[PDB]
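Undergrad: Got a structure for you, questions after.
Protein chains: 2
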Amino acid sequence: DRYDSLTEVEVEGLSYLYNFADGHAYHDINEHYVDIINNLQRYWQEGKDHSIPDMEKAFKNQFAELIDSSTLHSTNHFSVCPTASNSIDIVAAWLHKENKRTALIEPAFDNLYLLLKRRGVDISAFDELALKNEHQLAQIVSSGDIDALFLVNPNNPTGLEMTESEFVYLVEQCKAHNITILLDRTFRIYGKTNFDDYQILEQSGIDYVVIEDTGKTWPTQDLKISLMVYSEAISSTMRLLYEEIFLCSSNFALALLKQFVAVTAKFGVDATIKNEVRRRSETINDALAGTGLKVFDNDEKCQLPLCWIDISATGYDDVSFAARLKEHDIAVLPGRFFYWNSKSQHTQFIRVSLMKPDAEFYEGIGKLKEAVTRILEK
Amino acid sequence: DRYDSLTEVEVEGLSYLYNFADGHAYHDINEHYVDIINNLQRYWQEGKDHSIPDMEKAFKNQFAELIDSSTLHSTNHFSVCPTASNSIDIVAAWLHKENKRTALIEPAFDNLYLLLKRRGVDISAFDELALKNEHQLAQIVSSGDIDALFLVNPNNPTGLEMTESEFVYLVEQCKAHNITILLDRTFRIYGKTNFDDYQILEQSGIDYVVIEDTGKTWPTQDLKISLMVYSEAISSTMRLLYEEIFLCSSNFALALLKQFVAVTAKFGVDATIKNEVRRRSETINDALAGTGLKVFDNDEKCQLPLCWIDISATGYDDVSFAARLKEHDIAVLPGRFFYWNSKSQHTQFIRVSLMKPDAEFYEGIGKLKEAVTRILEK
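Residue numbers (the numbering used here), protein chains in the order written: chain A, 1 to 378; chain B, 1001 to 1378.
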């Protein structure tokens, strides 16, 4: 009885007709990407015709071109994992080996906490809001209690996203107290920013690891690629840990996702990614309008491919409301596990994932509004 | 000056013209598998049209039919990892969590040792040849110094393989002393035996994990599937640890590798796998005849996609001989790292992997025979 993790809920949700639990990219191949699937053999062949090191660097440089980072394009200190949680787990093992006290962002997707904990890291919580408040952040980094800071930018599920100023300030302060910055950029492509985080990190001279992901952005049936990019000074040990578990990732997966990334650069994030996101976000906001559930929104957040919802006016807590919705064939994520250090004090949110197969999504949202108003009427 | 690991050598080998270092399956798609590549879209579509749980069971059951195990077909106590090292790492986490003193087979591919050590497992070494000598095995199991036994069957790089009676005896002894069995079956399809090891394990009632893999068998550019199968009693905890890292593997990879497994079942292991292995083994044996390099061979071993070579007659140790070959643009693995508890006592072997791209392989074996001749002419 009871749920121990978000992933447990997501596994259960795989059996429901309308699964809004896991936030993995599972929408349909839109018109811009169809030629890739039509030409799967071309990318099979490209992986066959190139060396593993050449394919790693080619995907990395294609990504650096898409995000326009001359610094990512020039660094050779990186590894490629098949999933971003693998990259995180390697970081956790490094954090433990180097005896680094780590403050972890809260809220966060809970397996970030679970992986750090399982590796034996000394973990403290730190408020995501401190990233947009110089005074609070300064108190945290100057305390003498921490050696590393693990962030998710933009953060899941709130969409909190740092400005250039805030990131520069963040990097300035960790440098002054010899703090390593762990940056999970899984949702980077959804950010409304456009600046060179790698350049700011490299110019600074601090120790860092940045983790990228394709899995929350390009729907490739969880055939994924995760760049793990790190500073020169910690490179030798990071690569040693990586090599304990991996020789390389798949050249076929690299060739495939390289072309997803190149197509997004050619037609822009809007035509290929963000326009459908905005339409899905509007569809859920409209469906929930006037129901009492309050979609989490603010002036400064970016639009994650996720909806974070306050249900306090329902009088229900997240697990009980998710249970009632499960009766209607609808699976959503209870939100308390995102508050991994303080679950009991954050029981009023659910999360609804938007990047699901197109028909299941739009039909599912209609079923959700009916379910919410039927549950509320009784 | 020293190498940290076999994987470091393998990564270095990726840059050499004739790379015989890592053992991953990189040979050309043969006549029976070409239709799979011609129909990549069909397997992309199959992944899109089936649920993650249904695809997991479909691959598991296709494999169970291949190996003729009704026990594997009937069990739902399994998870699906993107790589076999990920499965090993989860088992290592389990062993540390349950305080299990583990005896690990020696020799072994060394990242097994490294991953167990990184997870904090209390490791002891145990002679692979104890699996073919009942009183040697009895002493180790009744010692009261271990709670778990980590085996690779058949073993890499010796090709040692347990007979059915040797396995029955091993399980009987483990059950007597309440020892958990961890079985790395990565090289299963190369084995000469065909008995139902899952049935023997499950009916014994002992705790176990079996790890399967596609990457040393089917050439899918390191797009891989690893089945991790385990006893009912530990099934809860194993799944919990799996879910800290993974929600699932890729439905696209599952559909693809299910078809590779199916085609192997349709035409037979010999036609699709073992005949090519025999051809390549005969090539290198012929190349090295009358050189002083003595290919490791014995009556009871199976034919791995690997050639284990005693270079004693050269006067070189493994690392110096490998460095000489590197000058001739040939990369091989020094053997001492496989004897992970006793490296300095085992410096006389090199390993040459066989399942490399076809043209590179046959040309490279010609160049290897030329390099050995020329090196020995001094």
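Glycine residues also receive a C-beta, built at the ideal position from the N, C-alpha and C atoms.
1) Closer than 8 Å, Cβ to Cβ, to anything on chain A: give me those residues from the stretch 1133–1159 of chain B, in chain order.
2) Can you check whether the CB of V1295 of chain B is closer than 8 Å to the CB of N1285 of chain B?
3) Tell me which residue opens and which closes the beta strand (DSSP E) that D310 of chain A is part of.
4) Which residues, in chain order, does the stretch 189–220 of chain A contribute to contact with chain B at a C-beta distance below 9 Å?
5) Quick one, are the C-beta atoms of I225 of chain A and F59 of chain A less than 8 Å apart?
6) Pick out the complete alpha helix (DSSP H) segments inside the stretch 1143–1182 of chain B, 4 residues or longer, and give them in chain order.
7) What do you reckon, are the CB atoms on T347 of chain A and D318 of chain A nearer than 8 Å?
8) Output yes or no for whether 8 Å exceeds the beta carbon distance between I1189 of chain B and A1148 of chain B.
9) Following the continuous beta strand (DSSP E) through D1127 of chain B, name the residue where it begins and the one where it ends.
10) Compare the beta carbon distance of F338 of chain A and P107 of chain A with 8 Å and say whether it is the shorter of the two.
11) In this structure, does DSSP put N1076 of chain B in helix, strand or coil?
12) Could you confirm whether any beta carbon from chain B is found closer than 8 Å to the beta carbon of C174 of chain A?
13) In angstroms, rounded to a whole number, what distance separates the CA positions of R1119 of chain B and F252 of chain A?
14) Contact criterion: CB-CB distance below 8 Å. Does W1094 of chain B meet it with respect to chain A?
15) Less than 6 Å between C-beta atoms, sequence neighbours within five positions excluded: which residues of the same chain meet that for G1047 of chain B?
16) List, in chain order, every chain B residue whose beta-carbon is nearer than 7 Å to that of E10 of chain A.
17) Please return the same chain residues whose Cβ sits closer than 7 Å to the Cβ of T1217 of chain B, not counting the five positions on each side in sequence.
18) For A103 of chain A, write down the residues that DSSP places opposite it in a beta bridge.
19) Go to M1238 of chain B, then tell me how far its alpha helix (DSSP H) extends in each direction, as first and last residue.
20) Pull up the DSSP beta-bridge partners for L1227 of chain B, would you.
21) Can you find a C-beta in chain A that's less than 8 Å from the C-beta of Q1041 of chain B?
22) Return the first residue and the last residue of the beta strand (DSSP E) that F1349 of chain B is part of.
23) Taking only three categories from DSSP, how would you classify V332 of chain A?
24) For a contact defined as C-beta to C-beta under 7 Å, what are the partners of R118 of chain A on chain B?
25) Along the alpha helix (DSSP H) that carries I211 of chain A, what are the first and last residues, could you check?
26) Can you find a CB in chain A that lies within less than 8 Å of the CB of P1082 of chain B?
27) Under a three-way DSSP split, which group does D1054 of chain B fall into?
28) Look at the Cβ atom of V1229 of chain B, then the Cβ atom of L1072 of chain B, and state whether they are nearer than 8 Å.
29) Measuring alpha carbon to alpha carbon, tell me which residue in A:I88, A:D297, A:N153 is nearest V121 of chain A.
30) Taking the alpha-carbon positions, what's the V1091 of chain B to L1151 of chain B distance?
31) Would you identify the three-state DSSP class for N30 of chain A, choosing helix, strand or coil?
32) Is the beta carbon of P1357 of chain B sitting closer than 8 Å to the one on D1028 of chain B?
33) Which residues does DSSP list as the beta-bridge partners of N1019 of chain B?
34) In chain order, what residues of the same chain have a beta carbon less than 7 Å from the beta carbon of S1281 of chain B, not counting five sequence neighbours either side?
35) Shortest alpha-carbon distance to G13 of chain A belongs to which of A:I67, A:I330, A:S231?
36) Relative to the alpha-carbon of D1068 of chain B, which residue among B:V1269, B:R1279, B:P1157, B:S1344 has its alpha-carbon at the smallest distance?
TA: On the basis of the supplied data:
1) Shown here is that no member of the stretch 1133–1159 of chain B has a Cβ falling below 8 Å from a Cβ of chain A.
2) yes
3) Per DSSP, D310 of chain A is one residue of the beta strand (DSSP E) stretching across 306–310.
4) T220
5) The answer is yes: Cβ separation under 8 Å.
6) Taking only runs of at least 4 residues, the alpha helix (DSSP H) segments lying wholly in the stretch 1143–1182 of chain B are 1164–1176.
7) yes
8) no
9) 1123–1127
10) yes
11) In the structure shown, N1076 of chain B sits in coil (DSSP, three-state: anything other than H, G, I, E or B).
12) no
13) 31 Å
14) no
15) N1251, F1252, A1255
16) Contact annotation for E10 of chain A against chain B: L1247 [CB-CB distance below 7 Å, chain order].
17) Spatial neighbours of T1217 of chain B in its own chain (CB-CB distance under 7 Å, excluding positions within 5 residues in sequence) are listed in chain order as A1025, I1189, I1273.
18) A:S124, A:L149
19) Its alpha helix (DSSP H) spans residues 1235–1245.
20) B:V1080
21) Cβ-Cβ to chain A under 8 Å: yes for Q1041 of chain B.
22) 1349–1353
23) Taken through DSSP and simplified to helix, strand or coil, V332 of chain A comes out as coil.
24) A1093, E1244
25) In the DSSP annotation of this structure, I211 of chain A is not part of any alpha helix (DSSP H); the continuous beta strand (DSSP E) holding it starts and ends at 208–211.
26) yes
27) helix
28) In this structure, the beta-carbon distance from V1229 of chain B to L1072 of chain B falls below 8 Å.
29) A:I88
30) 12 Å
31) coil
32) yes
33) DSSP lists B:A1331 as partners of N1019 of chain B.
34) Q1303, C1307, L1354
35) A:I330
36) B:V1269
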